[PDB]
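Naming follows writing order (A, B, C, D and E), and every chain is counted from residue 1.
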Amino acid sequence: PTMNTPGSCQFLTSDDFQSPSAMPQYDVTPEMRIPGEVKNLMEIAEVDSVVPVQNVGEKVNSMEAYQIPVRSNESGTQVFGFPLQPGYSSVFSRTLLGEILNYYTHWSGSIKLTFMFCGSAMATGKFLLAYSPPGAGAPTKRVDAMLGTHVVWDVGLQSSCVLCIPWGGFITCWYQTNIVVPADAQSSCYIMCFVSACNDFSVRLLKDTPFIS
Amino acid sequence: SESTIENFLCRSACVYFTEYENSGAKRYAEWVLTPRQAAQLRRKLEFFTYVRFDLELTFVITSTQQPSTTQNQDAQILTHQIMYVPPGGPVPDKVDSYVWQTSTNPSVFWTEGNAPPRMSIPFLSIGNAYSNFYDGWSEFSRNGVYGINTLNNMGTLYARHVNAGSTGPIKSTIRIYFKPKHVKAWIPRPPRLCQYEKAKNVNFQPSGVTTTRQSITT
Amino acid sequence: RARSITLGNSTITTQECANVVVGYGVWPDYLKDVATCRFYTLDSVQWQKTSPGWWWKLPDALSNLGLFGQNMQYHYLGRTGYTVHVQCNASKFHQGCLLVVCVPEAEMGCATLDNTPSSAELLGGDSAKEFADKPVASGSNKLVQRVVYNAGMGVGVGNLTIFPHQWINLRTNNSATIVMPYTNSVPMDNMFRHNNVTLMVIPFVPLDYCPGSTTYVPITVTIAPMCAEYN
Amino acid sequence: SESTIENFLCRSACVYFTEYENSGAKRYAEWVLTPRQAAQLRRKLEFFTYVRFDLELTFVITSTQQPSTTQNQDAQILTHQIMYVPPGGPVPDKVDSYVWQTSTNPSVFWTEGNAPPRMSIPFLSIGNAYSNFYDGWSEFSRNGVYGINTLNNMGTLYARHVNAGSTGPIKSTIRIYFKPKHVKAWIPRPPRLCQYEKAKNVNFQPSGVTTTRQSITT
Amino acid sequence: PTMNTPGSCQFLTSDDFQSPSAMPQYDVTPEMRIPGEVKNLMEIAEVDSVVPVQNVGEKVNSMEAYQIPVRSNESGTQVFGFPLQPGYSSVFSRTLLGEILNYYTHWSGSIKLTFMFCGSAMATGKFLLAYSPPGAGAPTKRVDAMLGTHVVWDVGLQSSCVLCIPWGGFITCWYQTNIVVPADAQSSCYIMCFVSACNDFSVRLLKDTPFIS
C-alpha cells in the first residue's frame, strides 16, 4: 500500500533524478588526459587581465583604452581614478574577474591590483597610490590622499607595484614627482593595470549574464 | 563551493520551440541536436575549448484545439511519439514513413496527461571530447567548410501524433530541455565579447571593449 | 650573462635567467623522429611605431622548412609539442610592451558574416600575418576580420592572458619562452588539415624613441618541436 | 562486447499493423504470431539455423473518432481486450463469441489512458529449438508442404473493444512489439543475398553477386 | 508516501524491465546440446570468404566474378587493384566480414587477405603485392609500388600468400615476371582472394542494413 503525496507528477526544472537511458549497453570511448582541466571557475578568476582604465570616448574602439598616459609636465595633479566596484563599474565590466562575477549575485573576497610602468629605463619618478575606504569619498588634493592608506611607488627602482585591497572604495594615483629623463629619451610614458582575485573568493546565487541580446 | 563547473553547467535550459498538427501542412517536428541555438547556453559552453558530458532530454508536449467549423467533435486521448535518430540513422522523409518502425531509433511513446517523458543520451562522440572551437577544415583534402568538424554530431529528434484525436484539428507544441550531466572541461578561454550572429560559425561584427565614461579621473 | 643551447646542429644564445613558463604544468612527452628536434629560426619582423600585431600558425609556420616539412608530408596524422622563443633586441632608450601568447584552437572570424574566410588569407606560410587597427570592410570577400582589439577570435583583447602567455617589457624583460603541450581532443591529427596552436604577439604599449634612434625593433621568433611522433 | 547475439537480437521491433472499429464491418483483429512478416527482423534471424528465445509482447492501442453525422455524442472511457491463443486453442469465429471467456487464453484487459499493456510468452515449442530452415515435408507420409514444420507455431493474437464508448463511431489501431529475450543461436549460415518475395517460403528471384565497377584495376 | 518522477508511464522502446508472464507454471522443455553455438558475431567475421574482385560488367551475374585472370603475355602491367574500405567499397560489400560491418557504425581492427594461385603445377612466376597507406594514392608504375610495403610472391614455391593489413589504403598486384610453362600446360591461370577479420575486431552502434527493400 502506497499513497501519492503532493509534489508527485510535476516537472520541477531544478531536480536531480535518475533518468531512463535511451541507448543502453553502448560503449563510451575511454577518456584520454587532455592538458589543463578546469574543476572550479575560481581558477579562472585568479588570472591577471589588463583593464581598459582609459575608457574615454572613442578610446574603447581602439587599443589605446588600456594605457594610462603619464606626461612629464604636470605635483598635486592626478593621474587616474576609478571607483572600486568590480561588479557594476564600467571599468571592471568585461574583465575576466568581472565577467565571472556577472554570473552571480553575492560575492566576498579580496581584490589584487598590479601596475606595470611601461616607460624608458632612464625615466625616473615617484607616484602616490592611495586607496580611500568605502564610506569616504575620493580625495581631492594630494595631502588628503597621503593621509590615508597609500603606497609611494618609485619607478626608477621597482617597475611593478602590487596592491591588495580588503572588503565600494576608490583608487587614485598622483604624481609625487614629474618624470625625469636624460636627453634622447622620451618623457611621455604609459602605465598598465591588471586586476585579479586574491586569497578567499566565493560566489553565490548563479544568475543570467546581462551582456546577451 | 558553488562555482564548480558542475553547478555552473548543469541547469535545465530550453533549447527548442516548434509545433506539429494532427492534420495540416506541418505534421511532424525535426531538430538536429545542437547546444548552439540557445545563446545563454552557447556563451556558457564557450568558456572552455574541449567539453564532454551526458544529456537528459525532457520534453513538454501541450495540445490546443483549433478554430474549425466542424461539428460533433468528440476528442480521444492523444499519443505522441518521439524518435531519437542516432548519428548516421535513417531520417523519416514523411510523417507516415516506414522509418518510424526501425528498432534502432529509440522512440518513446507518451499519452497526454501524465508526467512528461524524459530520456538520457551518453557521450556519442567517436573522439575523446566535444570540441567547441575547431581551427581547421572538416574535409581531409580541404575544399571543405572551416571549423565544422563532424565529431560533435549528437543526432536528430523527430516527433509526431501516433493517433489523430478527433475529426476537429489539433495543434501541439514541444519544448526540448537540455541538461548536461557529468560535465568535464578543458583549456579555459576568454568570454565572447561581441554578440552572436550565425549559430553556424564564429563570425561577428567588431565591437568596443567596454562602456565609455566622461573623464579618466572620474 | 649569456648561455648557449644546442639542439641537433643549431644553437641559440639566451640569458641565464630565462624565466620559462610551462604550458599547463605539463612538459611535452611521447604518446603512451628525433632528427626533427632543432631550432627552426623563422624570419625577423620589424616592429614600428604603428605596427598593430602579428600571428603565426605553428604547424603551417614549419610546413616548408626541411625535415619537418618532408615528414608532415608523406606521414598521416601525428602529434608535436613546441618551445616558442620570442627574442626582441632593443636599446635602453627605447620603450614599449609586447604580449606573447600561444592560443590553442584559435578559430578566426570572417569579415562577411554570411561566409567563412579563405585558406590563403587565414594561413601565412613562411611569413607572419598581421592584424589591423580599423575594422575590415563587410562586402563579398572571404577575408579575415583583422581587428586588433578583438584579436579576430571575437573576444576582448585584454583578457587574452588566460592562455599561456608572457609579457616582454623593453624596460626590464627582453625575451619570452613558452613551452606548449600537445592539446587536441583526438590522440593524433593530420597536421596539414588542422592547426592546433596559434602564436600571437601584440604591442599593447606602442614603441617610442627619440629622433636619431633605430626606426624599428627586429623581433625574432624561434620554434623547436619537442617529442614529435608520427604513424 | 557489443556484437554479442543478445545485443544483436534484443531490439523491440514493430511486427504488425491493423485496425478494428467499435461498430462496423471489421470489429476485431487477428494475427498468427510469426517473426517472418518484418523483413528487418526476419533477415537478422536468418543468420542462424536453430534459434530459441522468450518474448515480451507490448502493444500500443490508440483510438481516433470517425467522420459521422450523429449528434449529442458523449464518449465514455474505452476498454480493450487482447486474447492470446495458445497453439491448438479455440479461435473466436466472431466478435461476441463465447471463446472470449475461456480461462485458458490469457486475455489482458486495458483501459485507455494508462501505461501500454505488456505480457511475456515462454518457449512453447515441443522440440528443443525453433528451426528457421527446415529441409523436409511436414506430413510424415509426405504429400505435405515443403519446409513448413509445425514445431515453430507460437499461437495467435485477438483484440476487440469490450465496451462501445459512444453512439458515434470509433476506430482503433494496435501495434504489436516483438522483443526476443534470453536468445540462443546455433549453426551460423550466410546472410540472404536476394530480396524476400513471400513470407511463406524461401522462394526468390536470381540476383547478381554485387554492384559492378568500370575496370578491375579501378 | 511516494512521488512519481518524470519518465513514469512511458513506453521507452529500448528499456529492460520485468514483464508479467502470460502463462506461468508452464514447463520449458530442457535444452539438448546442438553442435555449434554462436555466442558472439565476431566468430562469424573470422571466417575467410571469397571476394568478387572482378565485378566488371556482366561478371556479377556469373561465377566468373570471383576469379582474377592472369595471362602469360604481359612486366610493369598490373593484375588488379581495389580500395581497402571493407564497409562502403563495392568489392567487400556482400562479403561475410562486410555484411556484418553494414550492421554497425564504428569499427576498429586489422584486415587479413589471402590469395590462392589456382594454376597448373608446372606454371611458375613472381608477383608484387604492394599496399599503399591511406594518405597516398594508388601507385602508377611498378617501381613506385616496390618502394612501399610489398611482398614478392613466388607461385612456383608457395601457392598461397597471406597479407595482414593494419588500420583507406589500396591493394595492387603487379607481374614481376610472366608465367613460364613447359609445353602441354595452359598459360592462362586464375587467382582467388579471401578476406577475414584479424586480431582485435570491435563493432559499435548497431544500425539497420542498407540492403533491404
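Operating definition for what follows: a residue touches a chain if its C-beta (ideal position, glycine included) is under 8 Å from a C-beta of that chain, and two chains touch if they have at least 3 such contacts.
Asks: Which is the least count of steps on a path of touching chains running from subunit C to subunit D?
Replies: Graph distance in the chain contact network comes out at 2.
Asks: Quick one: point me to the chain whose Cα centre is farthest from that of subunit E.
Replies: Relative to subunit E, the chain with the farthest C-alpha centre is A.
Asks: Which of these, B-E, A-D or A-B, gives back the D-E interface, meaning over half of its contact pairs coincide by residue number?
Replies: Copy of the D-E interface among the listed pairs: A-B.
Asks: Count the C-beta pairs in contact for B-E and for C-E, then report the pair with the higher count.
Replies: B-E
Asks: Averaging only over C-alpha atoms, locate the centres of subunit A and subunit B and give their separation in whole Å.
Replies: 35
Asks: Using mean CA coordinates as chain centres, what's the gap between subunit A and subunit E in Å?
Replies: Between these chains, centre-to-centre, one finds 63 Å.
Asks: Distance between subunit A and subunit C based on Cα centroids, please, to the nearest Å.
Replies: 27
Asks: For subunit D, jot down the residues that touch at least 2 other chains.
Replies: 1-2, 7, 11-12, 40, 60, 114, 116
Asks: Which subunit A residues touch at least two other chains?
Replies: In subunit A, the residues touching two or more other chains are 9, 11, 19-20, 22-23, 26-27, 32, 34-36, 44, 52, 61, 65, 94, 96, 99.
Asks: Give the residues of subunit C touching no fewer than two other chains, as numbers and ranges.
Replies: 149, 156-159, 162, 183, 185, 187
Asks: Please list, in label order, each pair of chains that touches.
Replies: Once each pair is checked, the touching ones are A-B, A-C, A-D, A-E, B-C, B-D, B-E, C-E, D-E.
Asks: Show which residues of subunit B lie in contact with subunit E when the two form their complex.
Replies: Touching subunit E: residues 58, 86-90, 102-104, 106-111, 114-119, 126 of subunit B.
Asks: Which of the residues in subunit C end up touching subunit E in this complex?
Replies: So the residues of subunit C touching subunit E come out as 74-76, 231.
Asks: Given the complex with subunit D, which residues does subunit B contribute to the contact?
Replies: 71-77, 79, 101-104, 109, 111, 113, 162-167
Asks: Please give the residue numbers of subunit B that touch subunit C in the complex, ascending.
Replies: 49-50, 125, 127-131, 133-137, 139-140, 142, 145-147, 151, 186-194, 197-198, 201-207, 209-210
Asks: Within the complex, which stretch of subunit A touches subunit B?
Replies: Its residues touching subunit B are 9-11, 13-14, 19-23, 26, 28-32, 34-44, 52-57, 59-61, 65, 68, 78, 80-81, 90-91, 93-94, 96, 99-100, 103-104, 202-204, 206, 208-209, 212-213.
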